[PDB]
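Visitor: Residue numbering for the sequence shown is 143 to 253, 267 to 321, 357 to 435, 460 to 489, 497 to 522, 525 to 528, 544 to 900, 902 to 967, 981 to 1088, as defined by the authors' numbering.
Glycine included, C-beta positions come from ideal geometry on N, C-alpha and C.
Have a look at this one before I ask anything.
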Amino acid sequence: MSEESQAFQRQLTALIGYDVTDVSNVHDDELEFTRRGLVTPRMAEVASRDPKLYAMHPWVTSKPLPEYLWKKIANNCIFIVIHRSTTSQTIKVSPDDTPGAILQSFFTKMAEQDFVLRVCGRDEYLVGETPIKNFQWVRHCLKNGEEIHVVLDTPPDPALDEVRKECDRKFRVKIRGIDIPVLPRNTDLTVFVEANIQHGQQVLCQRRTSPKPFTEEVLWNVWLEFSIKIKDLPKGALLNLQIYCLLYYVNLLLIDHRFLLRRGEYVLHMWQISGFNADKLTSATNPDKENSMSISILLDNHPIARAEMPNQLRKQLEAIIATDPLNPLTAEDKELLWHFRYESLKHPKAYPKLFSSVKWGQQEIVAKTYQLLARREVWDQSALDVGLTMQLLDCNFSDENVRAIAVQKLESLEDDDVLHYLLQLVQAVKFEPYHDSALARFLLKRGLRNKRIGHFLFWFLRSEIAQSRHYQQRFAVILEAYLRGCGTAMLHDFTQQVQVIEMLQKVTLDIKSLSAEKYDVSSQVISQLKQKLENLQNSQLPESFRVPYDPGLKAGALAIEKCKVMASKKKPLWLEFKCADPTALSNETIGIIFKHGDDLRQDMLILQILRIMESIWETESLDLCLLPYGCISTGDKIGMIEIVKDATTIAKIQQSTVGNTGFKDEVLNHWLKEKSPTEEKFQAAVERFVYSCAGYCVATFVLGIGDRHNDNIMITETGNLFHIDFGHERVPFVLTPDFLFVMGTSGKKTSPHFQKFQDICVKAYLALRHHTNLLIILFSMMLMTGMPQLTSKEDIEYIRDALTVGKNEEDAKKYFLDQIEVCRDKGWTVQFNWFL
Ligand SMILES: O=C(Cc1nc(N2CCOCC2)cc(=O)[nH]1)Nc1ccccc1
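Okay, structure coming up:
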């Protein structure tokens, strides 16, 4: 259209990180169809949201207030400090009051009501017809022991969020030939092409070409006639073409987004495997048209146009539903689930095991399944089970409707719940066969309904866009169809944020280069760090930006003097920022780490599960003092990390008292007391230590990341312990004698805190077991979309053994107590070993 419209699209391109208008790496118009197909659901959400409520984004939870927070409010009183420049009073509030109602007990109490309640030093607001007990910031203050300092000011202008105006024949495939520029290697070996029909990873039919010597060009021109008929092709079928010696792979949809059968000449560029993951399921081809392996294929063959169970049989089926998500279905089991479709339907938790039993390569069977889906009585009115819903969104299911019934359950999730699972759901898009889908349209809508959900969504999409060449095609389209609806308010914010993170990443890679691999850190690289920051703080670094992992915090100027580089193998950047928000309570500068080398996506996923792991314990009234710091991956092996103030590494405390590489059990307790100003805060630090050393000890054990080096765990000056750097004899978890010495026990004995330690650990361990399916599915998704080439059995299976699936709570209690004992015997053996 207009020239200004070109600049708007040019503005979006830089914000996404990928050119959406690009049509060089595509053989069809699935991107453009999806791009225009998302215009309706975007405007159907933009023109549907409340302009005022969206501007203020009041983050609220609807879950009941837990028992470990009612103890602080053992008086039915809340002390709010309403700031107003040089004026601040303390109005006593009841734990069941309304933002509008508490204003009335202020204006009349002091002595015009067009003002707003806003957090001091943050962009968080307290408004809406919701009890003050339901605000997450209020509950945050009650957890750590803080006072809710609010400020009286004018509500943000809702006009700033202005969105700018807008056959029965058997299927066959002709494998013509392959082409590759460079091949030279060691000894010669044979090579062939394997064609497969995929629908949820399971192969419906397999054909194979004749083995030939691996040369820079091999031609077959042979038809591979599959046994499956053209009419028996299910919606979202994949033509999996793979070159074995496996070296190259590429996928192509047998049925397009238009329901039409794909036909014509196709030359695809295949991805290379490093000498399973979602990257093997992608529909997009390799943009590196030069160095990648080519493959020419031809297609020319539109479509899609009572009896109650006996006692012993139903008891056999009930056992199949009771089994874990990672339990294989026998040909005997596969038939039982299907034959009794109607009785199997009456169990929400049986759907994943039901649809896996469905043979999708049959016209009639598929047709009967849709008839089964038409009568979703129990499923629709059932209580929302998240882990169950997630199961129907993984790789195992590719049917558009089977995945659609899951998204329906996600609709009932509120904003707070979306924030917990946002990373995984955005990651779950990889398992989708098509670009436009119910799940994709869902995340878009929720991101447009909430500024906070949208903020993380932006960085969650942008993470995969920058580095994952497999799915960046899809994610970029989803991001564009969000930026066109988030409003100019956030569009400005993202431009500020993108400029900052890109400028500093360039500095990160420059400084990391100007030094060797060996740790040293000289005044040279320190002065070079100082020099580059001086040029940025000028007319380069924008006045103030929003912290990507903490949207409420608005960081601005740099504390250049407090910046340095760590004396480690991979050189990062310790950075501190001045809070541009002047209504703040302290001079506390915001700490940010820019690190290259480690894959932050993996660290990002672990932290998210930990954030979910807290809510699991929260529902059962348990606090485990988990401290999942902010972390968002922005590019390849490079991203952003939060700094926890007053936190020191347990290993460094050993370096501060004993030798540099050469361990005293007493050191830890001495460090806590000297940093403690009073005796009480020390007792609070000792108690907090138990909780945090109980939270991570359980969490890190389940996820299989328990065996960590001494430097990989850090502790605050207030006793809060937490693991760091989730890059990727043995010990279940880290619990060395120096940790025990603080609790009172030394060298296998018993103390009042160690009994409490075991009490909390057990009560936390079985509490997770009551969510077995939710944790397992997130674990399986984590490895497939975050980690590299995982084991399709061994790696996923680990968590089943760790959660002791099968045995009762009493055997489980004993099992976990046994795992502690394994750490009681080794002591320092493992930590001393950590060198190889
Ligand atoms: O690299 C680390 C160790 C580390 N620290 C992390 N942060 C430290 C601050 O608290 C949150 C976790 C995360 C992480 O993954 N690894 N620390 C560091 C690096 C450069 C300069 C100064 C300190």
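Determine the DSSP secondary structure at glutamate 615, reduced to helix, strand or coil.
Guide: DSSP, reduced to helix, strand and coil, places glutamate 615 within a helical segment of the structure shown.
Visitor: Please tell me whether, using a cut-off of 6 Å, the distance from the CB of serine 582 to the nearest non-hydrogen atom of ligand 2 is below it.
Guide: You won't find ligand 2 in this model; what it holds is ligand 1.
Visitor: Excluding five sequence neighbours on each side, which residues of the same chain lie with their C-beta closer than 7 Å to the C-beta of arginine 398?
Guide: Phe382, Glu384
Visitor: Looking only at C-alpha atoms, which of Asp950, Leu992, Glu1073 sits nearest to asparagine 898?
Guide: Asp950
Visitor: Whose CA, out of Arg927, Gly723, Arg362, lies closest to the CA of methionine 185?
Guide: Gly723
Visitor: Can you tell me which of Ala427, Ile764, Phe696 puts its alpha carbon nearest to the alpha carbon of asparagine 634?
Guide: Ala427
Visitor: Between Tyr462, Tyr1017, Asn1060, which has its C-alpha nearest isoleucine 487's C-alpha?
Guide: Selected option, being the one with the closest Cα: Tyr462.
Visitor: Does the beta-carbon of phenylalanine 221 have 16 or more other beta-carbons within 10 angstroms, so that it is buried, or is it exposed?
Guide: exposed
Visitor: Any heavy atom of ligand 1 within a distance shorter than 6 Å of the CB on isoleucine 220?
Guide: no
Visitor: Going by beta-carbon coordinates alone, are residue 534 and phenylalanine 985 separated by less than 7 Å?
Guide: It's not possible to place residue 534 here, given that the chain moves directly from 528 to 544.
Visitor: Under the assumption that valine 664 contacts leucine 1026 (Cβ atoms under 8 Å), give the Cβ distance between them as a whole number of angstroms.
Guide: The Cβ separation is near 17 Å, so there is no contact.
Visitor: Can you check DSSP and say which residues form a bridge with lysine 234?
Guide: Its beta-bridge partners are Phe221.
Visitor: What residues match up with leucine 482 in a beta bridge as DSSP calls it?
Guide: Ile516
Visitor: In chain order, what residues of the same chain have a beta carbon less than 6 Å from the beta carbon of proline 311, not counting five sequence neighbours either side?
Guide: Counting only Cβ-Cβ distances below 6 Å, and skipping sequence neighbours, we find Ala197.
Visitor: Using the rule of at least 16 other Cβ atoms within 10 Å of the residue's Cβ for burial, across every protein chain shown, is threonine 203 buried or exposed?
Guide: buried
Visitor: What residues in its chain sit with their C-beta under 6 Å from that of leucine 811, if we drop five residues either side in the sequence?
Guide: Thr746, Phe832
Visitor: For a test of the three-state rule: what should DSSP assign to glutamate 814, helix, strand or coil?
Guide: strand
Visitor: Return the first residue and the last residue of the beta strand (DSSP E) that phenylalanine 961 is part of.
Guide: For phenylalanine 961, the enclosing beta strand (DSSP E) has its first and last residue at 960-962.
Visitor: Across which residues does DSSP place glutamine 396 in a beta bridge pair?
Guide: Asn386
Visitor: Please return the same chain residues whose Cβ sits closer than 6 Å to the Cβ of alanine 714, not counting the five positions on each side in sequence.
Guide: Excluding its 5 nearest sequence neighbours in each direction, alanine 714 has C-beta neighbours in its own chain below 6 Å: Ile158, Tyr160, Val162, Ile703, listed in chain order.
Visitor: Can you name, in chain order, every residue of its own chain whose Cβ lies under 7 Å from the Cβ of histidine 658, other than the five neighbours on each side?
Guide: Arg849, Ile850, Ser853
Visitor: Is the beta carbon of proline 810 within less than 6 Å of some heavy atom of ligand 1?
Guide: yes
Visitor: Measuring CB to CB, does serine 504 end up less than 7 Å from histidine 483?
Guide: no
Visitor: Skipping 5 residues on each side, what residues in its chain have a beta carbon closer than 7 Å to that of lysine 591?
Guide: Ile558, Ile559, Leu567, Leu575
Visitor: With a floor of 3 residues, list each beta strand (DSSP E) that falls wholly inside the segment 760-843, ordered by position along the chain.
Guide: If only uninterrupted beta strand (DSSP E) runs of at least 3 residues are considered, those enclosed by the segment 760-843 are 783-785, 788-796, 811-817, 828-834.
Visitor: Consult DSSP for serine 417 and reduce its assignment to one of helix, strand or coil.
Guide: strand
Visitor: Curious, which full-length alpha helix (DSSP H) runs of at least 4 residues does the segment 982-1049 contain?
Guide: 989-995, 1004-1021, 1024-1037
Visitor: Pick helix, strand or coil for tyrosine 1067, following the three-state DSSP scheme.
Guide: In the three-state reduction of the DSSP assignment, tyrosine 1067 falls in the helix class.
Visitor: Considering just the uninterrupted stretch of the beta strand (DSSP E) at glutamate 880, what are its terminal residues?
Guide: 876-880
Visitor: Please go through the same chain and pick out, in chain order, the residues whose beta-carbon is closer than 6 Å to the beta-carbon of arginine 613, but skip the five residues on each side of it.
Guide: Its chain contains no residue whose beta carbon lies nearer than 6 Å to that of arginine 613 once the 5 sequence neighbours on both sides are disregarded.
Visitor: State yes or no: is the C-beta of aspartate 521 within less than 7 Å of the C-beta of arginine 477?
Guide: yes
Visitor: Let me confirm a value: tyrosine 757 is counted as buried when at least 16 other C-beta atoms fall within 10 Å, else exposed. Which label applies?
Guide: exposed
Visitor: Which residues does DSSP pair with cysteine 435 in a beta bridge?
Guide: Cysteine 435 pairs with nothing; no bridge assigned.
Visitor: Assuming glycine 179 is part of the alpha helix (DSSP H), what are its boundary residues?
Guide: 172-179
Visitor: Is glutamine 846 near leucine 661, with beta carbons less than 7 Å apart?
Guide: yes
Visitor: Over what stretch of residues does the alpha helix (DSSP H) that includes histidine 693 continue unbroken?
Guide: 689-705
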